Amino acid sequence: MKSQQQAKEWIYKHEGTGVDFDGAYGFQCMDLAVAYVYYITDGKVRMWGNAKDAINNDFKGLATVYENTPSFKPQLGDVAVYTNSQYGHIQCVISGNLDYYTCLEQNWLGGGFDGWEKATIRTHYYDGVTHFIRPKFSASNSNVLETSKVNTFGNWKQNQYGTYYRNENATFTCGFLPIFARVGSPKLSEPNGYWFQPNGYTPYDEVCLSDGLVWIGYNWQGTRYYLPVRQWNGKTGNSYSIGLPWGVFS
């Protein structure tokens, strides 16, 4: 688990940037909070759902949900949730008092899809937040996530087309949003495939780095499929990094 200071630096380092691990197209409000909670929990908590659903996730003892009571002061690093709209809204608190708080957020104005709205620091006079999710920060800075075996390049094979690939036997369960599986090759330029539905799952036997994504390779009804499963930063060696998952592995 990471420190309050690292959350502070993360929040400000992302001021003005588009945060899009993908999932939904553009810079949505839940994309920012999902990326943030993933980061400060060193990878242990990947929130699923819409913005309003965030208070329903399993925080694995790494955070407390609080209701917004007229006495409650948000703190730096808290996640502010709006539960009483259709799909909700969510923000990364920077500072708080009893009259207002300030936060980093995406899609407050509705520009996330079109891209003209990026993560922005705004002020809110308690205009709909119903809960605050407080991380249980660690006292020291942590780099667990950055050094994790998942973010360690290790050994990969490579074919003549530049696809890095490995054998791996595990199961992947799709998260909240569907993902389009590609026939025959892990290539976003392959137009054939089918929509892997949320909460569906498959065993898989191969993992690939192709087209800026990590993919799983698996077999289904006589056909070989490749499913994109998270972002890859495009780099090999000690610069290699991959993003938060689009499902759950086991």
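Quick note: we count residues from 1 along the sequence shown, nothing fancier.
Novice: Could you settle it for me: does 29 to 37 or 182 to 190 have the higher average Cα B factor in the PDB entry?
Specialist: According to the entry, 182 to 190 carries the higher average C-alpha B-factor.
Novice: Would 228 to 236 or 7 to 15 have the larger average of its C-alpha temperature factors, as given in the entry?
Specialist: The deposited B-factors put 7 to 15 ahead on the C-alpha mean.
Novice: Between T173, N107, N143, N84, which one tops the list for C-alpha B-factor in the PDB entry?
Specialist: Most elevated C-alpha B-factor of the set, per the entry: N143.
Novice: Among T130, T152, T123, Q91, where is the Cα B factor highest in this entry?
Specialist: So the option with the highest C-alpha B-factor is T152.
Novice: Among all modelled residues of this chain, ranked by Cα B factor, put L177 in the bottom, middle or top third, i.e. lowest, middle or highest.
Specialist: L177: CA B-factor falls in the middle third of its chain.
Novice: In terms of the CA temperature factor given in the entry, to which third of its chain does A139 belong: lowest, middle or highest?
Specialist: Its C-alpha B-factor, which the entry lists for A139, ranks in the highest third among residues of this chain.
Novice: Using the temperature factors of the C-alpha atoms in this entry, rank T223 within its chain: lowest, middle or highest third.
Specialist: Highest third, going by the recorded CA B-factors of the chain.
Novice: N56: which third of its chain by C-alpha temperature factor?
Specialist: As the PDB entry reports it, the C-alpha B-factor of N56 lands in the middle third of its chain.
Novice: Could you say whether, by C-alpha temperature factor, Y66 belongs to the lowest, middle or highest third of its chain?
Specialist: CA B-factor rank for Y66: highest third.
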